[PDB]
Each structure stands twice: as C-alpha cells, then as structure tokens.
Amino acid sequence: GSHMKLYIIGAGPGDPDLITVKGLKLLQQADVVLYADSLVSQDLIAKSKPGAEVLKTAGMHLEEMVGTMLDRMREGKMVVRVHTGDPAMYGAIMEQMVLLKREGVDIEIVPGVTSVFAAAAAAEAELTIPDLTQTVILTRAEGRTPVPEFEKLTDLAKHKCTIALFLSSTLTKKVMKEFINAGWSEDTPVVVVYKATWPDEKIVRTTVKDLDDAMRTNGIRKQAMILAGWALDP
C-alpha cells in the first residue's frame, strides 16, 4: 500500500538544481504536488508532470491539509510535499506527520540543501575555522512571536561562534542590539545573502554596526540569510 505514503521533499534553497537527484525524481512522478510556502521557484514548480494537480498550502488549515492528502492517497495517487530548504529546519512537518501516521501513512523525508548552506556557499565561507570557532548556531530573531527563554539572541551570542539567522531580515535593529549587548565587537563581520541562488541574489557583506543600514539601503526585506561572526571575515 505504497500509496499510503507521504514524501516530504527538501527543495533546496531556490535554484532548481539544488534539488537532490532523488528529490527531482519524485517531483517528476508525483500526481498531487503541495507546495507550502512561497519560497519555491516557478521553475522547480514546473518540472512536475503534466497532469499533476498542483496545490498551494500554508493558508490552508491543519485538518483540511491533512484530509486532502489522505483523500488523494486513498485514491491511489502519489502525493509529495515540497518544503524549501531542508524540512527539518523550521519546516513545520511535525503535526501533519503525526496525524498522518495514525491513519497509517508511511512517511519518507528527502533531505535538502538548507539555505544556511547555500548562503555560506555564495559567500565562500566555511562556517567552522579551527582555533576560531567550532560551533554554528542556527536560530531566529524574536519578533512578535517570542522564542523560548533560554534561547534569546543575546545569550546564544555570548559563545562568540558563527550565528546564522533565519526569518529575521526585518529585525536587524534587535539583531544589532542583542549582539552588542553580548559584547560582540561592532566590527565583527556580517554577511547577508538575499535570495541565494536565485537569479535576483544579493550578497551584502557589512558589519554589526551597519546591519540595519545595509539592509534598508539594499532593500532586502524578506528571504535573507544572515551569517554573523569572525569566520565570515578574511
């Protein structure tokens, strides 16, 4: 009963060809494709076969998402769900999973290249430098939505190791405040990547002091990955 099956595909950072081999194969053969997220390309979007039912989720509600996927499955069809990057990182795949596995689905997750990785790449930075830092911290700035209590950016910034920030592009005023309160220099390097591996990509290199200016002058207000730390210097 291999229709009863979810694949969760990691679609890569943006470029159509950072999709693993296997991710591309599935994507090709799926009958219903669910692209949650507007952070996939029109061009990933467009390799599924002709036929495919395509659906946007995100603005859909748990239980509806889930039942649509169960209906299609019952139907004998091949469903797949397409997350940007690697689903394990701020994917939200957990709750669907558990509903799903109750109705016996099998899951299969198909890892991805996360945009962390794509940003470092663009810049040509390893994130780990012997003697310098051996830790990379991947988190998000608190905005409205507060973060758990022992995870604040100030306190995660006191190990001084490379910090890589998802969903924070328009919180660079907090970002600098917490870095300075954990006592980073105002000179430590920042690099921002804007749509990495998109044909619109922008690479901004800058520093804690200028962050917010850099952002707002480059007009990067979304999709940007911010690496901050002395491994991004030279």
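The first residue of the shown sequence is 1; numbering continues from there.
Mean CA B-factor, 20 to 28 versus 213 to 221: the higher value falls on 213 to 221.
The stretch 142 to 150 shows the higher mean C-alpha B-factor when 159 to 167 is compared against 142 to 150 in the entry. Per the deposited coordinates, the residue with the largest Cα temperature factor out of 33, 36, 204, 70 is 36. When the C-alpha B-factors of 191, 54, 182, 196 are read from the PDB record, the largest value belongs to 182. Compared with the other modelled residues of the chain, the Cα B-factor recorded for residue 92 ranks in the middle third.
Per the deposited record, the Cα B-factor of residue 106 falls in the middle third when ranked against the other modelled residues of its chain. Residue 132 sits in the highest third of its chain by CA B factor, as recorded in the PDB entry.
For residue 232, the recorded CA temperature factor ranks within the highest third of the chain's modelled residues.
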